[PDB]
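Visitor: Contents of work39.cif (mmCIF, C-alpha atoms and all ligand atoms) are given next:
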```cif
data_target
loop_
_atom_site.label_atom_id
_atom_site.label_comp_id
_atom_site.auth_asym_id
_atom_site.auth_seq_id
_atom_site.Cartn_x
_atom_site.Cartn_y
_atom_site.Cartn_z
CA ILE A 1 0.81 11.10 3.28
CA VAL A 2 -0.61 14.63 3.09
CA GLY A 3 -2.68 16.08 5.93
CA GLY A 4 -1.98 13.12 8.19
CA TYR A 5 -0.23 12.48 11.49
CA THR A 6 2.80 10.71 12.88
CA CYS A 7 1.56 7.20 13.49
CA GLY A 8 3.94 6.46 16.32
CA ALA A 9 6.64 3.77 16.26
CA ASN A 10 5.46 0.30 15.18
CA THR A 11 1.76 1.13 15.67
CA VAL A 12 1.26 -0.13 12.11
CA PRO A 13 3.08 -3.40 12.46
CA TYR A 14 2.03 -4.86 9.04
CA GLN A 15 3.52 -1.82 7.24
CA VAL A 16 6.70 -2.56 5.28
CA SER A 17 9.18 -0.45 3.40
CA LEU A 18 10.50 -1.72 0.03
CA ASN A 19 14.14 -0.80 -0.35
CA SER A 20 16.44 -0.97 -3.35
CA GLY A 21 19.20 1.17 -1.87
CA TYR A 22 16.50 3.59 -0.72
CA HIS A 23 12.78 3.43 0.25
CA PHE A 24 10.78 3.34 -2.96
CA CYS A 25 7.35 1.90 -2.02
CA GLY A 26 5.27 0.56 0.86
CA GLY A 27 3.79 -2.91 1.32
CA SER A 28 1.74 -5.03 3.73
CA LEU A 29 2.90 -8.21 5.46
CA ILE A 30 0.24 -10.89 5.05
CA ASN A 31 2.10 -13.80 6.62
CA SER A 32 5.64 -14.52 7.73
CA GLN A 33 6.77 -15.15 4.17
CA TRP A 34 4.70 -12.87 1.95
CA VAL A 35 4.12 -9.21 1.27
CA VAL A 36 1.39 -7.50 -0.79
CA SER A 37 2.31 -4.35 -2.73
CA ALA A 38 1.37 -2.58 -5.96
CA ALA A 39 2.43 -3.92 -9.35
CA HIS A 40 3.74 -0.47 -10.26
CA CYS A 41 6.26 -0.96 -7.43
CA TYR A 42 7.80 -3.90 -9.32
CA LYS A 43 11.55 -4.01 -9.72
CA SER A 44 14.14 -6.68 -8.97
CA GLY A 45 16.68 -6.41 -6.22
CA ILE A 46 14.07 -5.76 -3.54
CA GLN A 47 14.79 -5.84 0.17
CA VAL A 48 11.81 -5.94 2.47
CA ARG A 49 12.16 -3.82 5.59
CA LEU A 50 9.92 -4.77 8.52
CA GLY A 51 9.59 -3.24 12.00
CA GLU A 52 10.33 0.25 10.65
CA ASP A 53 9.46 3.63 12.05
CA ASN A 54 12.22 6.07 11.12
CA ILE A 55 13.43 4.55 7.85
CA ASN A 56 16.73 6.49 8.05
CA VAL A 57 17.68 5.38 11.55
CA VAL A 58 18.19 1.84 12.89
CA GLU A 59 16.10 1.95 16.09
CA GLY A 60 16.39 -1.76 16.81
CA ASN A 61 13.15 -3.43 15.85
CA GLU A 62 13.95 -3.75 12.17
CA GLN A 63 14.12 -6.89 10.09
CA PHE A 64 15.75 -6.56 6.69
CA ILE A 65 15.01 -9.53 4.42
CA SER A 66 15.73 -9.93 0.74
CA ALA A 67 12.98 -10.94 -1.67
CA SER A 68 13.33 -14.39 -3.26
CA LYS A 69 10.66 -13.74 -5.86
CA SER A 70 8.03 -11.26 -7.03
CA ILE A 71 4.81 -11.97 -8.82
CA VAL A 72 2.94 -9.25 -10.67
CA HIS A 73 -0.76 -9.82 -11.26
CA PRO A 74 -1.08 -11.55 -14.65
CA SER A 75 -3.59 -8.91 -15.83
CA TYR A 76 -1.77 -5.84 -14.57
CA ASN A 77 -2.03 -3.07 -17.13
CA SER A 78 0.65 -0.43 -16.57
CA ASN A 79 -1.08 2.09 -18.82
CA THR A 80 -4.28 2.20 -16.77
CA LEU A 81 -3.01 0.58 -13.51
CA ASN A 82 -5.86 -1.97 -13.60
CA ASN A 83 -5.00 -4.91 -11.32
CA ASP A 84 -2.28 -2.91 -9.55
CA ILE A 85 -1.13 -5.62 -7.18
CA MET A 86 2.01 -7.71 -6.67
CA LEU A 87 3.17 -10.38 -4.23
CA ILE A 88 6.67 -10.50 -2.82
CA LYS A 89 8.17 -13.54 -1.11
CA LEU A 90 10.82 -13.15 1.61
CA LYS A 91 13.97 -15.29 1.19
CA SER A 92 13.59 -16.17 4.84
CA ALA A 93 10.53 -16.11 7.12
CA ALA A 94 10.06 -12.98 9.16
CA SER A 95 10.06 -13.25 12.95
CA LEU A 96 6.61 -12.12 14.00
CA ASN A 97 6.24 -10.16 17.22
CA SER A 98 4.27 -7.17 18.42
CA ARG A 99 6.11 -4.81 16.02
CA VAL A 100 6.19 -7.14 13.04
CA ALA A 101 2.76 -8.50 12.34
CA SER A 102 0.65 -9.66 9.45
CA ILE A 103 -2.64 -8.05 8.38
CA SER A 104 -5.63 -10.23 7.49
CA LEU A 105 -7.07 -10.46 4.01
CA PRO A 106 -10.72 -9.45 3.66
CA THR A 107 -13.49 -12.05 3.97
CA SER A 108 -15.60 -9.64 1.91
CA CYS A 109 -15.35 -6.21 0.36
CA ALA A 110 -15.96 -3.09 2.45
CA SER A 111 -18.72 -0.52 2.04
CA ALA A 112 -18.69 3.13 1.05
CA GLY A 113 -18.43 5.33 4.11
CA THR A 114 -16.31 2.82 5.97
CA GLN A 115 -13.37 4.46 7.74
CA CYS A 116 -9.91 3.16 6.92
CA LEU A 117 -6.28 3.69 7.93
CA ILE A 118 -3.75 4.60 5.21
CA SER A 119 -0.05 4.80 6.03
CA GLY A 120 3.33 5.40 4.41
CA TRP A 121 6.61 7.32 4.18
CA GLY A 122 5.61 9.32 1.13
CA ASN A 123 5.53 13.05 0.43
CA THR A 124 3.65 15.14 2.98
CA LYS A 125 3.21 18.21 0.83
CA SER A 126 0.25 18.99 -1.42
CA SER A 127 2.28 21.32 -3.60
CA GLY A 128 6.04 20.74 -3.41
CA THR A 129 8.22 18.07 -1.82
CA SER A 130 8.82 16.94 1.74
CA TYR A 131 9.55 13.36 2.75
CA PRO A 132 9.09 12.34 6.36
CA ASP A 133 11.47 9.89 7.93
CA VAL A 134 8.89 8.42 10.30
CA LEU A 135 5.66 6.61 9.30
CA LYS A 136 2.64 8.82 8.68
CA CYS A 137 -1.01 7.81 9.08
CA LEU A 138 -4.35 9.01 7.77
CA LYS A 139 -7.90 8.14 8.60
CA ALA A 140 -10.07 8.30 5.48
CA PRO A 141 -13.42 6.91 4.44
CA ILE A 142 -14.20 4.81 1.40
CA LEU A 143 -15.94 7.07 -1.10
CA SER A 144 -18.94 6.27 -3.27
CA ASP A 145 -18.04 4.68 -6.60
CA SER A 146 -20.04 7.43 -8.25
CA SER A 147 -17.92 10.13 -6.66
CA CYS A 148 -14.91 8.07 -7.60
CA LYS A 149 -15.93 7.75 -11.25
CA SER A 150 -16.97 11.37 -11.51
CA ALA A 151 -13.49 12.54 -10.50
CA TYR A 152 -11.81 10.20 -12.97
CA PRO A 153 -14.14 9.62 -15.90
CA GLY A 154 -13.37 6.49 -17.82
CA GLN A 155 -10.39 5.57 -15.69
CA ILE A 156 -11.95 3.62 -12.80
CA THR A 157 -12.40 -0.13 -13.05
CA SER A 158 -14.14 -2.67 -10.82
CA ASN A 159 -10.66 -3.37 -9.33
CA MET A 160 -10.29 0.14 -7.94
CA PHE A 161 -11.96 2.32 -5.29
CA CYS A 162 -11.50 5.90 -4.09
CA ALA A 163 -10.91 6.93 -0.49
CA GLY A 164 -10.26 10.30 1.08
CA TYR A 165 -11.92 13.66 1.07
CA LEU A 166 -13.28 15.45 -1.96
CA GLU A 167 -12.53 18.78 -0.27
CA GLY A 168 -8.81 18.01 -0.49
CA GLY A 169 -6.16 18.47 2.18
CA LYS A 170 -5.82 14.82 3.19
CA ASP A 171 -4.54 12.00 0.96
CA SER A 172 -1.76 9.53 0.16
CA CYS A 173 1.00 10.56 -2.31
CA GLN A 174 4.18 9.59 -4.15
CA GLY A 175 6.25 7.19 -2.02
CA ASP A 176 3.18 5.80 -0.28
CA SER A 177 2.65 3.60 -3.36
CA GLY A 178 2.02 -0.09 -2.58
CA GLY A 179 1.16 0.59 1.05
CA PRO A 180 -1.89 -0.50 3.02
CA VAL A 181 -5.44 0.73 3.28
CA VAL A 182 -6.86 -1.07 6.30
CA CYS A 183 -10.55 -1.02 7.10
CA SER A 184 -12.09 -2.88 10.03
CA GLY A 185 -8.90 -4.82 10.53
CA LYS A 186 -8.71 -6.09 6.97
CA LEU A 187 -6.38 -5.12 4.09
CA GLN A 188 -8.94 -3.66 1.68
CA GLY A 189 -6.73 -1.48 -0.45
CA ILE A 190 -3.29 -0.69 -1.84
CA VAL A 191 -2.01 2.81 -2.55
CA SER A 192 -2.17 2.99 -6.36
CA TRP A 193 -2.81 6.35 -8.01
CA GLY A 194 -4.55 9.75 -8.05
CA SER A 195 -4.19 13.14 -9.75
CA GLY A 196 -1.66 15.14 -7.79
CA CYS A 197 -2.06 14.71 -4.01
CA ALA A 198 -4.69 16.13 -1.66
CA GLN A 199 -6.29 18.05 -4.49
CA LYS A 200 -9.91 19.14 -4.45
CA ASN A 201 -12.18 16.61 -6.18
CA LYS A 202 -9.28 14.28 -6.88
CA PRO A 203 -9.39 11.58 -4.19
CA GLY A 204 -6.83 8.80 -3.96
CA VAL A 205 -7.39 5.64 -6.00
CA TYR A 206 -6.65 2.25 -4.41
CA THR A 207 -6.43 -1.33 -5.58
CA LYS A 208 -9.53 -3.19 -4.47
CA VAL A 209 -7.94 -6.07 -2.58
CA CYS A 210 -11.17 -8.01 -1.90
CA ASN A 211 -11.21 -8.90 -5.61
CA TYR A 212 -7.80 -10.64 -5.33
CA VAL A 213 -8.12 -12.83 -2.20
CA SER A 214 -8.48 -16.03 -4.26
CA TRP A 215 -5.56 -15.15 -6.51
CA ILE A 216 -3.46 -14.24 -3.44
CA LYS A 217 -4.31 -17.43 -1.54
CA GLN A 218 -3.76 -19.61 -4.61
CA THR A 219 -0.54 -17.89 -5.63
CA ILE A 220 1.17 -18.04 -2.25
CA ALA A 221 0.09 -21.68 -1.80
CA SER A 222 1.79 -22.56 -5.12
CA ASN A 223 4.93 -20.48 -4.66
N1 LIG B 1 -3.24 11.43 -4.66
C1 LIG B 1 -2.91 10.17 -4.39
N2 LIG B 1 -3.58 9.40 -3.52
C2 LIG B 1 -1.73 9.47 -5.06
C3 LIG B 1 -0.98 8.47 -4.47
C4 LIG B 1 0.12 7.79 -5.04
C5 LIG B 1 0.64 8.01 -6.31
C6 LIG B 1 1.84 7.24 -6.88
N3 LIG B 1 1.27 6.64 -8.10
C7 LIG B 1 1.55 6.96 -9.33
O1 LIG B 1 2.19 7.97 -9.57
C8 LIG B 1 1.07 5.99 -10.37
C9 LIG B 1 2.16 4.94 -10.60
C10 LIG B 1 2.84 5.22 -11.93
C11 LIG B 1 1.88 6.06 -12.74
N4 LIG B 1 1.06 6.72 -11.62
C12 LIG B 1 0.17 7.70 -11.85
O2 LIG B 1 -0.45 8.17 -10.90
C13 LIG B 1 -0.22 8.38 -13.15
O3 LIG B 1 -0.60 7.48 -14.14
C14 LIG B 1 -1.83 7.09 -14.69
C15 LIG B 1 -2.76 6.92 -13.46
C16 LIG B 1 -3.85 5.90 -13.81
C17 LIG B 1 -3.38 5.14 -15.02
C18 LIG B 1 -1.89 5.58 -15.20
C19 LIG B 1 -0.11 9.02 -6.92
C20 LIG B 1 -1.22 9.69 -6.31
CA CA B 2 14.51 2.28 11.18
#
```
Kindly transcribe the structure held in the file into structure tokens.
Guide:
Amino acid sequence: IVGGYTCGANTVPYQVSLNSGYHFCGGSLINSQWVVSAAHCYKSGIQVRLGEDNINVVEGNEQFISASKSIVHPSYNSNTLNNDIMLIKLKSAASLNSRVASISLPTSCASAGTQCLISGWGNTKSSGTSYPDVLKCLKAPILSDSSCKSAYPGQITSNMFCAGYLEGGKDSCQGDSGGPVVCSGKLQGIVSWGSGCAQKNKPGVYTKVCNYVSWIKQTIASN
């Protein structure tokens, strides 16, 4: 997260870290057994880390749970990142509490101009590399699709939306991938892609979760 702030410990209780010997992506807990992340975060050998703030220190509210299965969207295209969404099932049910909590799926899409919260342990530098150990947050509005498509001609599908600031300075980045975009208490997006980070006229691009609620509900009910 570039241009953001330290969230504070467990103030984003649906935020997970995906670990394969190291943090490699974020995710969102959607019930005690399931996580939503980006398809480009797929790998096997995933451990889901819940209750995290500093991901390099055990502070005592963590739950580490191995994944039993992963399910990449059937229509995920890795060349264009269309349908960049994946579901991860926990081998054992998480213990929900104030610091480990699920986030609700949208009952509808969100509108342009709506303010959202984006969070993650990714790079905090626009040019260069600096990884935080504690969770970073950013408030950012949904941008118009036109502004979105203008920045990325020919690359935006109906399954994507932009959020951030066209002026630059504030954005998600590498390592925030798969993490939540929460608007009005609903999971409306997943950190997916962008050109660089926090660049002028290159806002972040997010998976449009409201398009997948049926697929998510049907997939977890059958798996
Ligand atoms: N500025 C941002 N908000 C931002 C945030 C996160 C990321 C991490 N994502 C990535 O790096 C994704 C995953 C693999 C290819 N990738 C890419 O960004 C570059 O690939 C092309 C982008 C659209 C079609 C493929 C990149 C950018
Ligand atoms: Ca920790």
Visitor: Of the candidates A:2, A:163, A:58, A:173, which shows the shortest atom-to-atom distance to residue 26 of chain A, using all atoms listed in the file?
Guide: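 So, comparing all the options, the nearest one is A:173.
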Visitor: Give me the residues within 8 Å of residue 38 of chain A as an MDAnalysis selection string, counting only C-alpha atoms and dropping any in the same chain fewer than 6 places off.
Guide: chainID A and resid 27 84:86 177:179 190:192 207
Visitor: Need to verify the contact set: segment 43-53 of chain A, 6 Å, only C-alpha atoms, exclusion of same-chain residues closer than 4 positions in sequence. Can you return it as a PyMOL selection string?
Guide: chain A and resi 9+16-20+61-67+99-100+134-135
Visitor: In Å, how far is it from atom CA of residue 79 of chain A to atom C11 of ligand LIG 1 (chain B)?
Guide: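 Calculated distance between atom CA of residue 79 of chain A and atom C11 of ligand LIG 1 (chain B) is 7.8 Å.
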Visitor: Using all atoms listed in the file, which of the listed residues (A:150, A:123, A:219, A:157) sits closest to residue 73 of chain A?
Guide: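 Using all atoms listed in the file, the shortest distance to residue 73 of chain A belongs to A:219.
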Visitor: Could you please determine the separation between atom CA of residue 104 of chain A and atom CA of residue 156 of chain A in Å, to one decimal place?
Guide: 25.4 Å
Visitor: Got a sec to check which residues lie within 7 Å of ligand LIG 1 (chain B), using all atoms listed in the file, and send them as a PyMOL selection string?
Guide: chain A and resi 40+78-81+155+171-177+191-198+203-205
Visitor: Restricting the calculation to all atoms listed in the file: of A:13, A:120, A:30, A:55, which residue gets closest to ligand CA 2 (chain B)?
Guide: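 Closest to ligand CA 2 (chain B) of all the choices is A:55.
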Visitor: Can you tell me how far atom CA of residue 15 of chain A sits from atom CA of residue 101 of chain A, in Å to one decimal?
Guide: 8.4 Å
Visitor: So, with all atoms listed in the file as the atoms that count, which of A:33, A:144, A:70, A:184 lies closest to residue 91 of chain A?
Guide: A:33
Visitor: Between A:57, A:110, A:220, A:166, which residue has the minimum interatomic distance to ligand CA 2 (chain B), considering all atoms listed in the file?
Guide: A:57
Visitor: With distances taken over only C-alpha atoms, which of A:22, A:215, A:206, A:34 is nearest to residue 160 of chain A?
Guide: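 Using only C-alpha atoms, the shortest distance to residue 160 of chain A belongs to A:206.
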Visitor: Could you write out as JSON the box around segment 97-116 of chain A (axis-aligned, all atoms listed in the file, 3 Å on each side), with centre and edge lengths in Å to one decimal?
Guide:
```
{"center_x": -6.2, "center_y": -3.4, "center_z": 9.4, "size_x": 31.0, "size_y": 23.4, "size_z": 24.1}
```
Visitor: Please list as a list in words every residue within 9 Å of residue 96 of chain A, counting all atoms listed in the file and excluding residues in the same chain fewer than 5 positions away.
Guide: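 These residues fall inside the cut-off: residues 31, 32, 101 and 102 of chain A.
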Visitor: Do you know which residues lie at most 7 Å from (-12.8, 4.9, 1.6), with coordinates as in the file and all atoms listed in the file counted, and could you write them as a ChimeraX atom specification?
Guide: /A:112-116,140-143,162-164
Visitor: Deliver the residues from the most recent selection as a file, using C-alpha atoms, as a compact mmCIF listing (two decimals), keeping the file's coordinate frame.
Guide:
```txt
# COMPACT_ATOMS: atom_id res chain seq x y z
CA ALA A 112 -18.69 3.13 1.05
CA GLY A 113 -18.43 5.33 4.11
CA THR A 114 -16.31 2.82 5.97
CA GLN A 115 -13.37 4.46 7.74
CA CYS A 116 -9.91 3.16 6.92
CA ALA A 140 -10.07 8.30 5.48
CA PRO A 141 -13.42 6.91 4.44
CA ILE A 142 -14.20 4.81 1.40
CA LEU A 143 -15.94 7.07 -1.10
CA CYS A 162 -11.50 5.90 -4.09
CA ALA A 163 -10.91 6.93 -0.49
CA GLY A 164 -10.26 10.30 1.08
```
Visitor: Please produce segment 160-175 of chain A, completed to N, CA and C atoms, as a PDB file, in the frame of the given file.
Guide:
```
ATOM      1  N   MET A 160     -10.763  -1.073  -8.567  1.00  0.00           N
ATOM      2  CA  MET A 160     -10.290   0.140  -7.940  1.00  0.00           C
ATOM      3  C   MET A 160     -11.399   0.734  -7.067  1.00  0.00           C
ATOM      4  N   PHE A 161     -11.015   1.514  -6.077  1.00  0.00           N
ATOM      5  CA  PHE A 161     -11.960   2.320  -5.290  1.00  0.00           C
ATOM      6  C   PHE A 161     -11.243   3.608  -4.890  1.00  0.00           C
ATOM      7  N   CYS A 162     -12.037   4.653  -4.633  1.00  0.00           N
ATOM      8  CA  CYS A 162     -11.500   5.900  -4.090  1.00  0.00           C
ATOM      9  C   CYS A 162     -11.725   5.935  -2.580  1.00  0.00           C
ATOM     10  N   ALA A 163     -10.794   6.576  -1.886  1.00  0.00           N
ATOM     11  CA  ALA A 163     -10.910   6.930  -0.490  1.00  0.00           C
ATOM     12  C   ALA A 163     -10.234   8.289  -0.283  1.00  0.00           C
ATOM     13  N   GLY A 164     -10.761   8.987   0.703  1.00  0.00           N
ATOM     14  CA  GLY A 164     -10.260  10.300   1.080  1.00  0.00           C
ATOM     15  C   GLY A 164     -11.379  11.291   1.257  1.00  0.00           C
ATOM     16  N   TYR A 165     -11.100  12.487   0.781  1.00  0.00           N
ATOM     17  CA  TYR A 165     -11.920  13.660   1.070  1.00  0.00           C
ATOM     18  C   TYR A 165     -11.998  14.512  -0.188  1.00  0.00           C
ATOM     19  N   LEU A 166     -13.223  14.732  -0.680  1.00  0.00           N
ATOM     20  CA  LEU A 166     -13.280  15.450  -1.960  1.00  0.00           C
ATOM     21  C   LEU A 166     -12.858  16.905  -1.809  1.00  0.00           C
ATOM     22  N   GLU A 167     -12.893  17.414  -0.588  1.00  0.00           N
ATOM     23  CA  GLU A 167     -12.530  18.780  -0.270  1.00  0.00           C
ATOM     24  C   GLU A 167     -11.028  19.016  -0.410  1.00  0.00           C
ATOM     25  N   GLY A 168     -10.260  17.933  -0.398  1.00  0.00           N
ATOM     26  CA  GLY A 168      -8.810  18.010  -0.490  1.00  0.00           C
ATOM     27  C   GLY A 168      -8.199  18.141   0.902  1.00  0.00           C
ATOM     28  N   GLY A 169      -6.880  18.292   0.951  1.00  0.00           N
ATOM     29  CA  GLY A 169      -6.160  18.470   2.180  1.00  0.00           C
ATOM     30  C   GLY A 169      -5.589  17.214   2.799  1.00  0.00           C
ATOM     31  N   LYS A 170      -6.217  16.073   2.559  1.00  0.00           N
ATOM     32  CA  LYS A 170      -5.820  14.820   3.190  1.00  0.00           C
ATOM     33  C   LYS A 170      -5.817  13.690   2.172  1.00  0.00           C
ATOM     34  N   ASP A 171      -4.688  12.995   2.026  1.00  0.00           N
ATOM     35  CA  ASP A 171      -4.540  12.000   0.960  1.00  0.00           C
ATOM     36  C   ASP A 171      -3.206  11.267   1.088  1.00  0.00           C
ATOM     37  N   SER A 172      -3.050  10.194   0.320  1.00  0.00           N
ATOM     38  CA  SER A 172      -1.760   9.530   0.160  1.00  0.00           C
ATOM     39  C   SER A 172      -1.029  10.227  -0.985  1.00  0.00           C
ATOM     40  N   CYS A 173       0.196   9.859  -1.316  1.00  0.00           N
ATOM     41  CA  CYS A 173       1.000  10.560  -2.310  1.00  0.00           C
ATOM     42  C   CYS A 173       2.179   9.707  -2.761  1.00  0.00           C
ATOM     43  N   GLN A 174       2.957  10.230  -3.701  1.00  0.00           N
ATOM     44  CA  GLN A 174       4.180   9.590  -4.150  1.00  0.00           C
ATOM     45  C   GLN A 174       5.008   9.065  -2.970  1.00  0.00           C
ATOM     46  N   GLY A 175       5.444   7.812  -3.052  1.00  0.00           N
ATOM     47  CA  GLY A 175       6.250   7.190  -2.020  1.00  0.00           C
ATOM     48  C   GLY A 175       5.402   6.391  -1.057  1.00  0.00           C
TER      49      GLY A 175
END
```
